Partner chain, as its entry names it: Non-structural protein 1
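Only one chain is included here, represented as structure tokens and corresponding to the form solved without its partner chain.
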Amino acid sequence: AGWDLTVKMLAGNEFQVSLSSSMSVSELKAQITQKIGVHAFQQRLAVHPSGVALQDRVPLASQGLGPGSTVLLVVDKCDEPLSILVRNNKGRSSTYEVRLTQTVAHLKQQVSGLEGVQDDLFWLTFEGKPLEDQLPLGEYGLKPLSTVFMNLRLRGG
């Protein structure tokens, strides 16, 4: 079984998104991204009209939401610059100014320059999650002074 959800915006205007039972908040945000082109991390979602917040990894079908239910989306475009730490294999955290809208790829460029290593010989993690080049920094929920780890890539054949 698939099912359809109604997204109410604070502009007033509604639209519909197609889900499956096993889908949670990540995929809803990714489906909204599809239809109105807003980064997942810039979307605040809550049940309408109850106005209770969504559980981040448990499925939407598991919570209140079923077919014919409605969800409120409000969009925080705020893109203020912030300081993040990027620690190397030695342990030396260096400070980089970034915006949650700029891509992981763009951050590697900066770290590659400062630590003097080709961009494709290391990968970044935040809280054990690998950072994917093409995605924006905001996806990984970086706060001011959050610490990104630099991992040297072994090249086994």
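Positions refer to the first chain, counted from 1.
S.K.: Looking at the deposited entry, does 57-65 or 97-105 carry the larger mean Cα B-factor?
M.R.: According to the PDB entry, the answer is 57-65.
S.K.: What third of the chain, by the recorded C-alpha B-factor, contains residue 16?
M.R.: Middle third of the chain for residue 16's C-alpha B-factor.
S.K.: How does residue 132 rank on Cα B-factor within its chain, lowest, middle or highest third?
M.R.: Lowest third, going by the recorded CA B-factors of the chain.
S.K.: Name the third of the chain's ranked CA B-factors that contains residue 1, choosing lowest, middle or highest.
M.R.: Its C-alpha B-factor belongs to the highest third of this chain's values.
S.K.: Per the entry's values, where does residue 52 land by CA temperature factor relative to the rest of its chain, in the lowest, middle or highest third?
M.R.: According to the entry, residue 52 has a C-alpha B-factor in the chain's highest third.
S.K.: What third of the chain, by the recorded C-alpha B-factor, contains residue 25?
M.R.: Middle third.
There is another form of the same protein, the form solved in complex with its partner chain; it is not shown, and what comes next is about it.
S.K.: With a 4.5 Å heavy atom cut-off, would you call residue 49 a contact of its partner chain in the bound PDB entry?
M.R.: The answer is yes: residue 49 has a heavy atom within 4.5 Å of its partner chain.
S.K.: Please run the contact check for residue 37 against its partner chain in the bound PDB entry: heavy atoms, 4.5 angstroms, yes or no?
M.R.: Yes, contact at 4.5 Å.
S.K.: What residues, if any, in 4-18 have a non-hydrogen atom within 4.5 angstroms of its partner chain in the bound PDB entry?
M.R.: Residues within 4.5 Å: 9, 10, 11.
S.K.: Assigning every C-alpha to the better-fitting rigid part between the shown form and the other one, would residue 102 and residue 128 get the same assignment?
M.R.: Note: residue 102 and residue 128 co-assigned to one rigid part.
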